[PDB]
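Novice: One file: data14.cif (mmCIF, C-alpha atoms).
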data_upload
#
loop_
_atom_site.group_PDB
_atom_site.id
_atom_site.type_symbol
_atom_site.label_atom_id
_atom_site.label_comp_id
_atom_site.auth_asym_id
_atom_site.auth_seq_id
_atom_site.Cartn_x
_atom_site.Cartn_y
_atom_site.Cartn_z
ATOM 1 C CA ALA A 1 134.700 115.328 121.003
ATOM 2 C CA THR A 2 132.625 114.644 117.876
ATOM 3 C CA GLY A 3 133.444 117.742 115.880
ATOM 4 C CA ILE A 4 136.142 118.372 113.309
ATOM 5 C CA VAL A 5 137.207 121.886 112.327
ATOM 6 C CA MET A 6 138.935 121.986 108.939
ATOM 7 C CA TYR A 7 140.612 124.735 106.995
ATOM 8 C CA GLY A 8 141.415 125.115 103.340
ATOM 9 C CA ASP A 9 140.026 125.987 99.991
ATOM 10 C CA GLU A 10 136.256 125.859 99.772
ATOM 11 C CA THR A 11 136.466 123.009 97.285
ATOM 12 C CA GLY A 12 138.629 120.862 99.531
ATOM 13 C CA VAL A 13 136.432 121.492 102.565
ATOM 14 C CA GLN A 14 133.320 120.756 100.530
ATOM 15 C CA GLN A 15 134.797 117.567 99.068
ATOM 16 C CA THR A 16 135.561 116.403 102.587
ATOM 17 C CA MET A 17 132.028 117.117 103.798
ATOM 18 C CA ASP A 18 130.716 115.309 100.740
ATOM 19 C CA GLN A 19 132.894 112.271 101.394
ATOM 20 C CA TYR A 20 131.506 111.863 104.899
ATOM 21 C CA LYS A 21 128.011 113.272 104.367
ATOM 22 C CA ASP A 22 126.092 110.257 105.735
ATOM 23 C CA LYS A 23 128.316 110.334 108.895
ATOM 24 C CA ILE A 24 127.802 114.071 109.532
ATOM 25 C CA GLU A 25 124.822 115.454 111.400
ATOM 26 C CA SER A 26 125.571 119.108 110.944
ATOM 27 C CA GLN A 27 128.013 121.425 109.301
ATOM 28 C CA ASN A 28 128.877 125.070 109.100
ATOM 29 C CA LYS A 29 131.050 126.908 106.581
ATOM 30 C CA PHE A 30 132.685 130.229 107.412
ATOM 31 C CA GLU A 31 134.682 132.342 104.988
ATOM 32 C CA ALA A 32 137.866 134.116 106.005
ATOM 33 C CA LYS A 33 140.969 135.625 104.409
ATOM 34 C CA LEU A 34 144.423 134.274 105.310
ATOM 35 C CA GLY A 35 147.192 136.847 105.329
ATOM 36 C CA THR A 36 150.368 137.781 107.157
ATOM 37 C CA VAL A 37 151.252 140.610 109.525
ATOM 38 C CA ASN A 38 154.752 140.887 111.021
ATOM 39 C CA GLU A 39 155.939 137.435 109.720
ATOM 40 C CA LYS A 40 152.870 135.855 111.427
ATOM 41 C CA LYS A 41 149.723 134.414 109.906
ATOM 42 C CA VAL A 42 146.408 136.156 110.533
ATOM 43 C CA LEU A 43 142.974 134.715 109.729
ATOM 44 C CA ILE A 44 140.630 137.636 109.033
ATOM 45 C CA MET A 45 136.872 137.464 109.045
ATOM 46 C CA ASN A 46 134.087 139.917 108.910
ATOM 47 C CA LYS A 47 131.727 140.766 111.782
ATOM 48 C CA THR A 48 128.814 138.868 110.293
ATOM 49 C CA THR A 49 130.874 135.695 110.031
ATOM 50 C CA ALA A 50 132.432 136.017 113.458
ATOM 51 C CA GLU A 51 128.988 136.492 115.029
ATOM 52 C CA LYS A 52 127.916 133.234 113.382
ATOM 53 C CA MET A 53 131.028 131.470 114.731
ATOM 54 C CA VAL A 54 130.112 132.684 118.248
ATOM 55 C CA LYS A 55 126.614 131.195 117.788
ATOM 56 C CA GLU A 56 128.318 127.818 117.099
ATOM 57 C CA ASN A 57 130.524 128.232 120.196
ATOM 58 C CA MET A 58 133.564 128.036 117.916
ATOM 59 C CA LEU A 59 135.503 131.044 119.125
ATOM 60 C CA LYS A 60 137.007 129.963 122.408
ATOM 61 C CA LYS A 61 139.044 131.748 125.045
ATOM 62 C CA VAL A 62 142.113 129.867 126.194
ATOM 63 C CA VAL A 63 141.834 129.166 129.949
ATOM 64 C CA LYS A 64 144.672 127.389 131.737
ATOM 65 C CA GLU A 65 145.098 124.241 129.662
ATOM 66 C CA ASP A 66 141.520 124.232 128.325
ATOM 67 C CA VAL A 67 139.111 126.432 126.338
ATOM 68 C CA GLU A 68 135.827 128.211 127.007
ATOM 69 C CA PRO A 69 133.566 129.557 124.242
ATOM 70 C CA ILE A 70 133.054 133.276 124.192
ATOM 71 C CA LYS A 71 129.395 134.233 124.474
ATOM 72 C CA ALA A 72 129.534 137.557 122.679
ATOM 73 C CA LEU A 73 131.728 139.000 120.024
ATOM 74 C CA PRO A 74 133.447 142.174 121.166
ATOM 75 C CA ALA A 75 132.308 145.387 119.525
ATOM 76 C CA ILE A 76 133.543 145.808 115.958
ATOM 77 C CA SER A 77 133.407 149.017 113.995
ATOM 78 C CA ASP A 78 135.101 150.392 110.920
ATOM 79 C CA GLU A 79 137.344 152.534 113.109
ATOM 80 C CA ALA A 80 138.118 149.643 115.468
ATOM 81 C CA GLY A 81 138.674 146.088 114.215
ATOM 82 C CA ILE A 82 139.990 143.508 116.681
ATOM 83 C CA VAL A 83 142.675 140.911 116.943
ATOM 84 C CA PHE A 84 142.978 137.754 118.995
ATOM 85 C CA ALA A 85 146.472 136.365 119.689
ATOM 86 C CA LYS A 86 148.440 134.379 122.273
ATOM 87 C CA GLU A 87 150.143 137.504 123.633
ATOM 88 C CA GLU A 88 149.214 141.197 123.676
ATOM 89 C CA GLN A 89 149.689 142.601 120.169
ATOM 90 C CA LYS A 90 148.889 146.314 119.780
ATOM 91 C CA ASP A 91 150.732 146.942 116.492
ATOM 92 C CA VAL A 92 148.786 144.649 114.190
ATOM 93 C CA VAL A 93 147.976 146.639 111.045
ATOM 94 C CA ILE A 94 145.707 145.178 108.412
ATOM 95 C CA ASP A 95 145.037 147.132 105.234
ATOM 96 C CA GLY A 96 146.391 150.282 106.959
ATOM 97 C CA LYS A 97 144.141 149.834 110.024
ATOM 98 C CA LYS A 98 145.438 149.109 113.564
ATOM 99 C CA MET A 99 143.588 146.305 115.344
ATOM 100 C CA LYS A 100 142.549 146.378 118.971
ATOM 101 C CA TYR A 101 143.793 143.458 121.079
ATOM 102 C CA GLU A 102 140.928 141.375 122.526
ATOM 103 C CA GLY A 103 142.692 138.428 124.157
ATOM 104 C CA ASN A 104 143.777 134.883 123.586
ATOM 105 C CA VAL A 105 140.843 133.396 121.688
ATOM 106 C CA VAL A 106 141.170 130.592 119.150
ATOM 107 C CA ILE A 107 138.922 128.770 116.686
ATOM 108 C CA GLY A 108 138.041 125.358 118.094
ATOM 109 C CA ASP A 109 140.080 123.816 120.881
ATOM 110 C CA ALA A 110 143.609 124.726 119.870
ATOM 111 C CA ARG A 111 145.424 127.301 117.770
ATOM 112 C CA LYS A 112 145.453 125.804 114.291
ATOM 113 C CA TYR A 113 146.046 127.153 110.756
ATOM 114 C CA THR A 114 147.097 130.616 111.874
ATOM 115 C CA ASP A 115 148.894 132.562 114.591
ATOM 116 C CA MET A 116 146.299 135.364 115.096
ATOM 117 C CA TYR A 117 142.645 135.937 114.261
ATOM 118 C CA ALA A 118 141.197 139.311 113.268
ATOM 119 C CA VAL A 119 137.634 140.517 112.963
ATOM 120 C CA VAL A 120 136.789 143.624 110.968
ATOM 121 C CA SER A 121 133.582 145.264 109.808
ATOM 122 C CA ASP A 122 131.874 143.771 106.781
ATOM 123 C CA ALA A 123 132.753 146.919 104.780
ATOM 124 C CA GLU A 124 136.404 146.767 105.844
ATOM 125 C CA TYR A 125 136.625 143.071 104.980
ATOM 126 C CA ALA A 126 135.361 143.731 101.464
ATOM 127 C CA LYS A 127 138.477 145.787 100.774
ATOM 128 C CA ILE A 128 140.999 143.130 101.883
ATOM 129 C CA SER A 129 142.671 141.494 98.867
ATOM 130 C CA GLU A 130 144.049 138.340 100.644
ATOM 131 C CA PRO A 131 143.108 134.835 99.532
ATOM 132 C CA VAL A 132 139.773 133.540 100.728
ATOM 133 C CA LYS A 133 139.741 130.306 102.686
ATOM 134 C CA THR A 134 136.964 128.260 104.231
ATOM 135 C CA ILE A 135 136.710 127.216 107.858
ATOM 136 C CA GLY A 136 134.444 124.240 108.114
ATOM 137 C CA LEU A 137 132.902 122.686 111.179
ATOM 138 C CA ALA A 138 131.516 119.156 110.800
ATOM 139 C CA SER A 139 129.630 117.622 113.732
ATOM 140 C CA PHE A 140 129.636 113.826 113.439
ATOM 141 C CA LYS A 141 126.853 111.493 114.513
ATOM 142 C CA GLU A 142 129.438 109.368 116.275
ATOM 143 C CA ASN A 143 133.031 109.617 117.451
ATOM 144 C CA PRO A 144 135.148 110.224 114.281
ATOM 145 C CA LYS A 145 138.515 110.271 116.080
ATOM 146 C CA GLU A 146 139.849 106.811 115.272
ATOM 147 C CA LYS A 147 139.564 106.564 111.485
ATOM 148 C CA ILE A 148 137.822 109.563 109.853
ATOM 149 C CA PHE A 149 139.947 112.208 111.528
ATOM 150 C CA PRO A 150 143.309 110.626 110.652
ATOM 151 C CA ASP A 151 142.135 110.056 107.068
ATOM 152 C CA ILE A 152 141.286 113.764 106.780
ATOM 153 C CA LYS A 153 144.711 114.632 108.188
ATOM 154 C CA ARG A 154 146.540 112.235 105.807
ATOM 155 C CA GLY A 155 144.531 113.506 102.877
ATOM 156 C CA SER A 156 145.188 116.415 100.562
ATOM 157 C CA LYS A 157 141.731 118.013 100.474
ATOM 158 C CA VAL A 158 142.092 120.275 103.483
ATOM 159 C CA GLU A 159 145.170 122.134 104.769
ATOM 160 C CA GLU A 160 144.529 121.525 108.475
ATOM 161 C CA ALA A 161 142.014 119.829 110.747
ATOM 162 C CA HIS A 162 141.481 119.268 114.452
ATOM 163 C CA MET A 163 139.059 117.610 116.829
ATOM 164 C CA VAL A 164 136.816 119.890 118.765
ATOM 165 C CA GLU A 165 134.052 119.727 121.357
ATOM 166 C CA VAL A 166 130.829 120.968 119.820
ATOM 167 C CA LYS A 167 128.256 123.233 121.486
#
Would you encode the structure as structure tokens?
Specialist:
Amino acid sequence: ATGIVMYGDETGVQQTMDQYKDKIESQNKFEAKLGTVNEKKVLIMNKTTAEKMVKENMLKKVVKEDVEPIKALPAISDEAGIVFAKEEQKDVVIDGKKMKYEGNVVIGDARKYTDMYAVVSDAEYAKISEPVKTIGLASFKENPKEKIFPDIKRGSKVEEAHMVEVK
């Protein structure tokens, strides 16, 4: 793996990219809102953002003890947002709207930063008041696992980070 997915405030994610800019060959920033539902964390994004994550192969279905990138985002509409979680969850309500369960899909190669992931229409997302967070994907020119990754984890710029296999 040569990718690192990081989560946190935009400024912390950006500062981290900046620190390692000459070592990074590509990067992607995705905005989401981090909230809670039923004592669990939920990372909420809009359709436009989730579609872009699918194009980077960053939404991955959990399969046995591994992961496989989803190739299409399930249908999203104002009357039917979706939720991804480890187990079936049919009572997830976000901003008064019940989400439709769409399986055990995670960002990157493991469940990090949240318990569940929700995707709602762009118009629905605009109405959610929860704090905005940035999900950053950095693809490194060379293996960053032995020094860069632990330094990011020990640091205080991002809230969470994990190694991932890039597209």
Novice: I'd like the neighbourhood of stretch 118-121 of chain A as number ranges by chain, where a residue qualifies if any of its atoms comes within 10 Å (using only C-alpha atoms), though same-chain residues fewer than 4 positions away should be ignored.
Specialist: A: 32-34, 42-51, 73-85, 92, 94, 97, 99-102, 125-126
Novice: Do you have, as CSV, the list of residues of stretch 2-118 of chain A lying at most 6 Å from stretch 141-154 of chain A, each with its nearest atom pair and that distance in Å to one decimal, counting all atoms listed in the file and ordered by chain then number?
Specialist:
residue,atom,partner,partner_atom,distance
A:2,CA,A:143,CA,5.1
A:23,CA,A:141,CA,5.9
A:24,CA,A:141,CA,5.7
A:25,CA,A:141,CA,5.4
Novice: With a distance cut-off of 7 Å and all atoms listed in the file, select the neighbouring residues of residue A:31, excluding the residue or stretch itself and same-chain residues fewer than 3 positions from it, and output the selection as a list in words.
Specialist: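 These residues fall inside the cut-off: residues 45, 132, 133, 134 and 135 of chain A.
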Novice: Between atom CA of residue A:29 and atom CA of residue A:14, what is the distance in Å, rounded to a tenth?
Specialist: 8.9 Å
Novice: Name the closest residue to residue A:62 among the candidates A:111, A:21, A:98, A:162; distances are taken between atoms, counting only C-alpha atoms.
Specialist: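 Checking each candidate against residue A:62, we get A:111 as the closest.
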Novice: Would you mind telling me which residue in A:39, A:165, A:160, A:130 lies nearest to residue A:112 when using all atoms listed in the file?
Specialist: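 Checking each candidate against residue A:112, we get A:160 as the closest.
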Novice: Hey, can you check how far atom CA of residue A:108 sits from atom CA of residue A:5?
Specialist: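 We find that atom CA of residue A:108 and atom CA of residue A:5 lie 6.8 Å from each other.
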Novice: Report the distance between atom CA of residue A:61 and atom CA of residue A:113 in Å, rounded to one decimal place.
Specialist: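 Going from atom CA of residue A:61 over to atom CA of residue A:113 covers 16.6 Å.
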Novice: Which of these residues is nearest to residue A:86, using all atoms listed in the file: A:163, A:110, A:137, A:53?
Specialist: A:110
Novice: Please provide as an mmCIF file with C-alpha atoms, in the coordinates of the input all residues within 6 Å of residue A:12, with the sequence filter that same-chain residues fewer than 2 positions apart are discarded (counting only C-alpha atoms).
Specialist:
data_model
loop_
_atom_site.group_PDB
_atom_site.id
_atom_site.type_symbol
_atom_site.label_atom_id
_atom_site.label_comp_id
_atom_site.auth_asym_id
_atom_site.auth_seq_id
_atom_site.Cartn_x
_atom_site.Cartn_y
_atom_site.Cartn_z
ATOM 1 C CA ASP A 9 140.026 125.987 99.991
ATOM 2 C CA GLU A 10 136.256 125.859 99.772
ATOM 3 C CA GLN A 14 133.320 120.756 100.530
ATOM 4 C CA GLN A 15 134.797 117.567 99.068
ATOM 5 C CA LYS A 157 141.731 118.013 100.474
ATOM 6 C CA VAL A 158 142.092 120.275 103.483
#
Novice: Any chance you could resolve the PyMOL selection byres ((chain A and resi 63) around 12) against this file and give the residues as a PyMOL selection string?
Specialist: chain A and resi 60-62+64-70+86+103-106+109-110
Novice: Expanded to explicit residues, what is the PyMOL selection byres ((chain A and resi 28) around 8) for this file, as a PDB file with C-alpha atoms, in the frame of the given file?
Specialist:
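For reference, result-v6.pdb as written:
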ATOM      1  CA  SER A  26     125.571 119.108 110.944  1.00  0.00           C
ATOM      2  CA  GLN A  27     128.013 121.425 109.301  1.00  0.00           C
ATOM      3  CA  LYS A  29     131.050 126.908 106.581  1.00  0.00           C
ATOM      4  CA  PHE A  30     132.685 130.229 107.412  1.00  0.00           C
ATOM      5  CA  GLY A 136     134.444 124.240 108.114  1.00  0.00           C
ATOM      6  CA  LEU A 137     132.902 122.686 111.179  1.00  0.00           C
ATOM      7  CA  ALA A 138     131.516 119.156 110.800  1.00  0.00           C
TER       8      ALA A 138
END
Novice: Centre and edge lengths of an axis-aligned box around all listed atoms of stretch 108-116 of chain A, with 3 Å added on each side, are to be given in Å to one decimal, as lines of an AutoDock Vina configuration file.
Specialist:
center_x = 143.5
center_y = 129.6
center_z = 115.8
size_x = 16.9
size_y = 17.5
size_z = 16.1
Novice: Could you please fill out stretch 97-110 of chain A with N, CA and C atoms and send it back as a CSV table (one decimal), keeping the file's coordinate frame?
Specialist:
chain,number,residue,atom,x,y,z
A,97,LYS,N,144.9,149.6,108.8
A,97,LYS,CA,144.1,149.8,110.0
A,97,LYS,C,144.7,149.1,111.2
A,98,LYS,N,144.9,149.7,112.4
A,98,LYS,CA,145.4,149.1,113.6
A,98,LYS,C,144.3,148.4,114.3
A,99,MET,N,144.6,147.1,114.6
A,99,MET,CA,143.6,146.3,115.3
A,99,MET,C,143.7,146.5,116.8
A,100,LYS,N,142.6,146.3,117.5
A,100,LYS,CA,142.5,146.4,119.0
A,100,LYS,C,142.7,145.0,119.5
A,101,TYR,N,143.6,144.8,120.5
A,101,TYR,CA,143.8,143.5,121.1
A,101,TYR,C,142.6,143.1,122.0
A,102,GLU,N,142.1,141.9,121.7
A,102,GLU,CA,140.9,141.4,122.5
A,102,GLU,C,141.2,140.0,123.2
A,103,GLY,N,142.4,139.6,123.4
A,103,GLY,CA,142.7,138.4,124.2
A,103,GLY,C,143.1,137.2,123.4
A,104,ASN,N,143.3,136.1,124.1
A,104,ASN,CA,143.8,134.9,123.6
A,104,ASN,C,142.6,134.0,123.3
A,105,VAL,N,142.0,134.2,122.1
A,105,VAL,CA,140.8,133.4,121.7
A,105,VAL,C,141.3,132.7,120.4
A,106,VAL,N,140.8,131.4,120.3
A,106,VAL,CA,141.2,130.6,119.2
A,106,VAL,C,139.9,130.0,118.5
A,107,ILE,N,140.0,129.5,117.3
A,107,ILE,CA,138.9,128.8,116.7
A,107,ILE,C,139.1,127.3,117.1
A,108,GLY,N,138.0,126.7,117.6
A,108,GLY,CA,138.0,125.4,118.1
A,108,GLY,C,138.8,125.2,119.4
A,109,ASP,N,139.5,124.1,119.6
A,109,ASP,CA,140.1,123.8,120.9
A,109,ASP,C,141.6,124.0,121.0
A,110,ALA,N,142.2,124.5,119.9
A,110,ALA,CA,143.6,124.7,119.9
A,110,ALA,C,143.9,125.7,118.8
